[PDB]
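The chain below stands alone and is given in structure tokens; this is the form deposited in one PDB entry.
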């Protein structure tokens, strides 16, 4: 059981918003002052909303990986809260932007490698993430990145259903079979990981800048692909282009991606 008493939580400032409501930072008095992320649920007095929200905690509870945010616990009494591990250094895109001159290439490859370990782990549990993008990656330390909460990562996908959402469908990250037929598989996750690796090597710059979402599929179906980032090792760019094979059966699996990223990281650290 992972039920937590509310008195042990000090609710701090709002750090973002999810589909169910504001996400706050806070402190969990367990150590007596652990930093946490707290998902809140504005419509949780409705049984169906409460079930959908608590299912997001059940989803995270099944995973245990060094590069995925951990579920700390739940408060099932109103207001219903989900307590997650806080990654103290924040969002990966902002972190890479601040260090666009500071961070070394070996650190960028390390983050792609750590993410491939988390994704090989999800693949081993037959879990399809659906939104592998730098926006859904957090920074725990200078040498550690983690995939953020999975419910919160579906914010862009879910934006089509929420009139007040600031989000937009993540077309620029999606595999063609996902855009065309709404098929989400372990192979479509590999395509998205390729785009995520491109974002990291680009220091948090978004893919297809200036291109309208509606114009993405036509470019991809005409054979267009994201260019090699400046300073990206050619072996790493060849890996990204394999992730973007139009035929999903031609894309590598995460076991091979992790092994190849480990070799690329070793070769970079050696020079």
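Residue numbers count along the first chain shown, from 1. The term rigid core refers to the maximal set of C-alpha atoms that superpose within 1.5 Å between the two forms.
Missing-residue flag, residue 189, threshold a third of other entries: No, none of the compared structures omit it.
Residue 119 left out of the model in a third or more of other PDB entries: Residue 119: modelled in all of the comparison entries.
Deposited residues lacking coordinates between residue 30 and residue 31 (none, 1 to 3, 4 to 9, 10 or more): 1 to 3 residues are missing.
Which of 34 to 42 and 237 to 245 has higher mean CA B factor, as the PDB entry lists it: Looking at the recorded C-alpha B-factors, 34 to 42 comes out higher on average.
Mean Cα B-factor comparison, 180 to 188 or 75 to 83, giving the higher one as deposited: Of 180 to 188 and 75 to 83, the stretch with the higher C-alpha B-factor average is 75 to 83.
Out of 199, 149, 123, 104, highest CA B-factor residue: So the option with the highest C-alpha B-factor is 104.
Selection from 109, 145, 164, 171 [criterion: highest C-alpha temperature factor in the record]: Of 109, 145, 164, 171, 164 has the highest C-alpha B-factor.
Chain thirds of CA B-factor: placement of residue 217: It falls in the middle third of the chain.
Third of the chain's Cα B-factor distribution that residue 232 belongs to, per the entry: According to the entry, residue 232 has a C-alpha B-factor in the chain's highest third.
Among modelled residues of the same chain, the CA temperature factor third for residue 17: Residue 17: CA B-factor falls in the middle third of its chain.
Within-chain third of residue 69 by Cα B-factor, per the entry: It belongs to the middle third of the chain when residues are ordered by C-alpha B-factor.
CA B-factor ranking of residue 160, expressed as a third of its chain: Within its chain, residue 160 is a highest-third residue by C-alpha B-factor, going by the deposited values.
Separately, the form deposited in another entry exists; it is not shown, and the next lines address it.
Of the candidates 144, 128, 89, 120, the only Cα that travels 2 Å or more between the shown form and the other one, given a rigid-core fit: Flagged residue: 128.
Pair residue 121/residue 135, Cα separation in the other entry versus the displayed form, closer or farther by 3 angstroms or more: It is closer: the C-alpha separation of residue 121 and residue 135 falls by at least 3 Å in the other entry.
In the other entry, shift in Cα separation for residue 130 relative to residue 234, 3 Å or more: Compared with the form shown here, the C-alpha atoms of residue 234 and residue 130 sit farther apart in the other entry, by 3 Å or more.
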